[PDB]
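Q: Next up, final.tsv (TSV, C-alpha atoms and all ligand atoms).
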```tsv
chain	number	residue	atom	x	y	z
A	1	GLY	CA	-151.79	14.59	-136.07
A	2	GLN	CA	-148.90	14.93	-133.62
A	3	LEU	CA	-147.70	18.14	-135.22
A	4	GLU	CA	-151.18	19.63	-134.97
A	5	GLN	CA	-151.45	18.64	-131.31
A	6	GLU	CA	-148.14	20.35	-130.63
A	7	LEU	CA	-149.22	23.52	-132.44
A	8	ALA	CA	-152.49	23.69	-130.51
A	9	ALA	CA	-150.47	23.36	-127.29
A	10	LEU	CA	-148.22	26.24	-128.27
A	11	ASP	CA	-151.20	28.44	-129.21
A	12	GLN	CA	-152.87	27.80	-125.86
A	13	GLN	CA	-149.69	28.56	-123.90
A	14	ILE	CA	-149.13	31.78	-125.88
A	15	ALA	CA	-152.71	32.90	-125.22
A	16	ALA	CA	-152.41	32.19	-121.50
A	17	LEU	CA	-149.04	33.94	-121.18
A	18	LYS	CA	-150.29	37.03	-123.03
A	19	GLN	CA	-153.19	37.19	-120.56
A	20	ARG	CA	-150.81	36.81	-117.56
A	21	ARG	CA	-148.64	39.56	-119.01
A	22	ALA	CA	-151.63	41.91	-119.36
A	23	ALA	CA	-152.61	41.30	-115.72
A	24	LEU	CA	-149.05	41.85	-114.49
A	25	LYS	CA	-148.70	45.07	-116.47
A	26	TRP	CA	-151.93	46.38	-114.98
A	27	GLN	CA	-150.59	45.73	-111.50
A	28	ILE	CA	-147.24	47.40	-112.22
A	29	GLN	CA	-148.78	50.37	-114.06
A	30	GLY	CA	-151.52	50.89	-111.45
B	102	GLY	CA	-138.24	45.65	-109.21
B	103	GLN	CA	-139.45	42.09	-108.72
B	104	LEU	CA	-142.63	42.68	-110.73
B	105	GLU	CA	-140.66	44.13	-113.67
B	106	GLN	CA	-138.29	41.17	-113.63
B	107	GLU	CA	-141.32	38.89	-113.86
B	108	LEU	CA	-142.55	40.97	-116.79
B	109	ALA	CA	-139.23	40.73	-118.65
B	110	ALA	CA	-139.41	36.96	-118.10
B	111	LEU	CA	-142.89	36.76	-119.61
B	112	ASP	CA	-141.74	38.91	-122.52
B	113	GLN	CA	-138.87	36.49	-123.22
B	114	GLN	CA	-141.09	33.41	-122.98
B	115	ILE	CA	-143.83	34.79	-125.24
B	116	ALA	CA	-141.30	35.82	-127.90
B	117	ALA	CA	-139.59	32.41	-127.75
B	118	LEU	CA	-142.90	30.48	-127.99
B	119	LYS	CA	-143.94	32.57	-130.97
B	120	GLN	CA	-140.75	31.49	-132.76
B	121	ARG	CA	-141.45	27.83	-131.96
B	122	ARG	CA	-145.00	28.28	-133.21
B	123	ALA	CA	-143.86	29.83	-136.50
B	124	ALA	CA	-141.31	27.08	-137.10
B	125	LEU	CA	-143.93	24.36	-136.50
B	126	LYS	CA	-146.48	26.15	-138.70
B	127	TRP	CA	-143.93	26.15	-141.53
B	128	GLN	CA	-143.27	22.44	-141.03
B	129	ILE	CA	-147.00	21.72	-141.27
B	130	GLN	CA	-147.37	23.87	-144.41
B	131	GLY	CA	-144.35	22.30	-146.11
C	201	NA	NA	-145.40	44.70	-122.97
```
Give the structure from the file, written as structure tokens.
Ligand code: NA

A:
Amino acid sequence: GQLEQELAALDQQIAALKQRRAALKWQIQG
Amino acid sequence: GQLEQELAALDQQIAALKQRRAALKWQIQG
């Protein structure tokens, strides 16, 4: 339902942000 | 620097989304 759609959206955003964070850390840390 | 400020921003957003995700998971599970 609506709650499940919202939870899937949060899980996708979290996964994408964790990946962006890993790429930014690599740049900063060389 | 600028890159570290972007990293702190990602850290804040990921932590905040994880709290929203946990609160929604609890709603779903009753
Ligand atoms: Na980190």

Q: Would you give me, as a PyMOL selection string, the residues of chain B that come within 7 Å of chain A, using only C-alpha atoms?

A: chain B and resi 104+108+111+115+118+122+125

Q: Once chain B is superposed on chain A with a least-squares fit on all C-alpha pairs taken in order, can you show it as an mmCIF file with C-alpha atoms, keeping the file's coordinate frame?

A:
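Final file, out_5.cif:
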```cif
data_model
loop_
_atom_site.group_PDB
_atom_site.id
_atom_site.type_symbol
_atom_site.label_atom_id
_atom_site.label_comp_id
_atom_site.auth_asym_id
_atom_site.auth_seq_id
_atom_site.Cartn_x
_atom_site.Cartn_y
_atom_site.Cartn_z
ATOM 1 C CA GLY B 102 -151.729 14.694 -136.298
ATOM 2 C CA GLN B 103 -149.020 14.842 -133.648
ATOM 3 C CA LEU B 104 -147.522 18.041 -135.071
ATOM 4 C CA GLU B 105 -150.925 19.786 -135.080
ATOM 5 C CA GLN B 106 -151.545 18.747 -131.486
ATOM 6 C CA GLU B 107 -148.211 20.326 -130.578
ATOM 7 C CA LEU B 108 -149.300 23.467 -132.415
ATOM 8 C CA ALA B 109 -152.627 23.672 -130.563
ATOM 9 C CA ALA B 110 -150.634 23.314 -127.330
ATOM 10 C CA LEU B 111 -148.352 26.209 -128.247
ATOM 11 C CA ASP B 112 -151.383 28.279 -129.215
ATOM 12 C CA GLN B 113 -152.938 27.675 -125.780
ATOM 13 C CA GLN B 114 -149.722 28.486 -123.916
ATOM 14 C CA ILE B 115 -149.021 31.703 -125.833
ATOM 15 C CA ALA B 116 -152.581 32.956 -125.294
ATOM 16 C CA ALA B 117 -152.430 32.117 -121.573
ATOM 17 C CA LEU B 118 -149.025 33.823 -121.089
ATOM 18 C CA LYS B 119 -150.292 36.925 -122.851
ATOM 19 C CA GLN B 120 -153.124 37.137 -120.304
ATOM 20 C CA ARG B 121 -150.658 36.783 -117.420
ATOM 21 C CA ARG B 122 -148.494 39.466 -118.997
ATOM 22 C CA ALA B 123 -151.412 41.890 -119.360
ATOM 23 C CA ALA B 124 -152.526 41.343 -115.771
ATOM 24 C CA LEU B 125 -148.998 42.002 -114.453
ATOM 25 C CA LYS B 126 -148.602 45.076 -116.676
ATOM 26 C CA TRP B 127 -151.803 46.488 -115.170
ATOM 27 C CA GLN B 128 -150.534 45.802 -111.653
ATOM 28 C CA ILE B 129 -147.312 47.676 -112.425
ATOM 29 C CA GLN B 130 -149.210 50.624 -113.950
ATOM 30 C CA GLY B 131 -151.657 50.838 -111.044
#
```

Q: Starting from 3 Å padding per side, set up an axis-aligned box that covers all listed atoms of region 121-129 of chain B and hand over centre and edge lengths in Å, one decimal, as AutoDock Vina command-line options.

A:
```
--center_x -144.2 --center_y 25.8 --center_z -136.7 --size_x 11.7 --size_y 14.1 --size_z 15.6
```
